[PDB]
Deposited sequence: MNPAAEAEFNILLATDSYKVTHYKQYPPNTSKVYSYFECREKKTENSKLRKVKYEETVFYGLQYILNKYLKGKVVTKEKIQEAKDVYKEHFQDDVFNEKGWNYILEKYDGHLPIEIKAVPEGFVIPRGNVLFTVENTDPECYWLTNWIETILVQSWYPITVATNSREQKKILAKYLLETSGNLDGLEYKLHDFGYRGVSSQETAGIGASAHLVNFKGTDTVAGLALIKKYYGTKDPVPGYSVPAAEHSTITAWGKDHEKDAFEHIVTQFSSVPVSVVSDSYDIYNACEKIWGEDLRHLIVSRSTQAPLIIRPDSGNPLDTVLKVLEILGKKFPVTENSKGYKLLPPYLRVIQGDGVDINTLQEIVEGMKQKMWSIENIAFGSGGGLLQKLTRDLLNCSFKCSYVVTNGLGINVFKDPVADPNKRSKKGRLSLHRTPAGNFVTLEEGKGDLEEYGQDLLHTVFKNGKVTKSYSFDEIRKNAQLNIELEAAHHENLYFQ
């Protein structure tokens, strides 16, 4: 079973011997520090509160096991068995901590307070920063949900220019990242952060996470359609690629189907196999069940353009009201190789220069969507800003001489709306002056109980585009 006594940075085990004596309160905050990515989607804290922090988390056996492990780890006795036994006997193992956050789904500019942590018992001054390590890991669902939303902005801009509406926007980016992430638990959390902005996912693990910790009115938050891989094509033999194509579109003639076509020669497959030999099985398909050709190699922009030119000469093309070319409704294209936020912008801009509408194409991303992200992308940081010693409170901060970008905020913090409708974080307890309205932070956790929750439905609504 999970042991919260073994889920911290090793060195923090010794921090109860370094704080100033006669200290009764430690107050810390989380932010996406200022330095692209000017606003962040706050999401994922609710998952950590329920799975790791709520309820009875301390037992006599868990204290004894931490004592045994840390004895050999440090080659010394340094564990705070006395402090952890006080929580067990007085609060039945419930953590005496209060956490205030911003509602999940909110879009907030860089450099503002997103949540605060503090202890509610003077004896547990050391407990505030013990749970820093587990809490800081919220940088991952924040960054996945932000980076996915910024890719939605690019897609929405070019779809509106070339078509005149946003029909089908919310399944133009499919999640191919299950096998490209570092673990099973990461796959579930990352695919859920992507479903805040889109609807298509191949990463099954994200569905069960949402229903267990968030919930939705619909049966499932994500959907998929049948598709082929290189094994189900090459298994027929090099000389029988056309046999594998005919068989697969016939088994799935009533639903959409994606077919990877670059096993040997992608341009041969589009012009000769799809566009001639099997053309009669494509033009008869329904608008609700098109064929989706999938290239998978080469230069991403050059391959998409050459593919569209080949298909345009073999199938009837129309011109929409904005002047851009459009394929017949029974034929589309999906590009799912080498796709990140940078390449996605290069592709749609190139398609627009060649007078091709964004209606024709959708995208898929694997490692770029779920794995190629770090904690310094948005500079997520956790720092102490207020302590009480000998009954008097002081403001605490850091300010390295060689880097003013690492300066931290001072005192008790609060988040408010500006008169022009923006955000501002007030320091040194100045929010008590009541000049900026109501603090937008809400108590989500106190003394081992989750005091306020949000559904996955409200979160999607909070993260909408303008």
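K.L.:
What's missing from the model if you number the deposited sequence from 1?
P.N.:
Gaps vs deposited seq, in order: 1 to 7, 43 to 52, 484 to 497.
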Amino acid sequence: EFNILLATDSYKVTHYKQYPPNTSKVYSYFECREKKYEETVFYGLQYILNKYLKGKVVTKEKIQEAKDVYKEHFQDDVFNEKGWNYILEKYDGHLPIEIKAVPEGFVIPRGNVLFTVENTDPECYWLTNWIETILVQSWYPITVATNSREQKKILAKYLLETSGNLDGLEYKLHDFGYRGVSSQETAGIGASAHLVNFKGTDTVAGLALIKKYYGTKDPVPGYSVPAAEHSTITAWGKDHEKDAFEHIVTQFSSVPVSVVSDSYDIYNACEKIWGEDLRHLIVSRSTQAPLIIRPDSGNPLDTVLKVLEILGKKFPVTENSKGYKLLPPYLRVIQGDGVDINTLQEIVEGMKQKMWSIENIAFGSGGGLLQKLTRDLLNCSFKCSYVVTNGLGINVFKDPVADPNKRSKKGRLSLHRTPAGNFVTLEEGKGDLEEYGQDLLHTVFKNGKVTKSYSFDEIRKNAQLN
From here on, numbers count along this sequence of modelled residues.
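Each form is matched to the other, and the largest set of C-alpha atoms that superpose within 1.5 Å is called the rigid core.
K.L.:
Between 313 to 321 and 343 to 351, pick out the one whose C-alpha positions differ more from the shown form in 7 other deposited structures of this protein, using the rigid core for superposition.
P.N.:
After the core superposition, the stretch with higher RMS deviation in 7 other deposited structures of this protein is 313 to 321.
K.L.:
Using the rigid core for superposition, please say which stretch has the greater CA deviation in 7 other deposited structures of this protein, 188 to 196 or 280 to 288.
P.N.:
Farther from the shown form on average in 7 other deposited structures of this protein: 280 to 288.
K.L.:
Tell whether, across the other compared PDB entries, at least a third have no coordinates for residue 398.
P.N.:
Across the compared entries, residue 398 is modelled every time.
K.L.:
Counting the other entries of this protein, is residue 33 left out in at least a third of them?
P.N.:
Residue status for residue 33: no gap in any other entry.
K.L.:
Got a sec? Mean C-alpha B-factor, which is higher, 72 to 80 or 163 to 171?
P.N.:
The entry gives the higher C-alpha B-factor average to 72 to 80.
K.L.:
Which is higher in the entry, the mean Cα B factor of 361 to 369 or that of 84 to 92?
P.N.:
The stretch with the larger average C-alpha B-factor is 84 to 92.
K.L.:
Select one of 116, 129, 379, 224: the residue whose C-alpha shows the highest B-factor in the crystal structure entry.
P.N.:
The listed residue with the largest C-alpha B-factor is 224.
K.L.:
Out of 51, 60, 33, 409, whose C-alpha atom has the biggest B factor in the entry?
P.N.:
Out of 51, 60, 33, 409, the record gives the largest C-alpha B-factor to 60.
K.L.:
Ordered by C-alpha B-factor within the chain, which third holds residue 465? Give me lowest, middle or highest, please.
P.N.:
According to the entry, residue 465 has a C-alpha B-factor in the chain's highest third.
K.L.:
For residue 218, does the deposited CA B-factor place it in the lowest, middle or highest third of the chain?
P.N.:
Top third by C-alpha B-factor.
K.L.:
Using the temperature factors of the C-alpha atoms in this entry, rank residue 265 within its chain: lowest, middle or highest third.
P.N.:
Middle third, going by the recorded CA B-factors of the chain.
K.L.:
Check where residue 178 lands among this chain's C-alpha B-factors and tell me if it's the lowest, middle or highest third.
P.N.:
For residue 178, the deposited C-alpha B-factor lands in the lowest third.
K.L.:
Comparing against every modelled residue in the chain, figure out the third that the C-alpha B-factor of residue 319 lands in (lowest, middle or highest).
P.N.:
As the PDB entry reports it, the C-alpha B-factor of residue 319 lands in the middle third of its chain.
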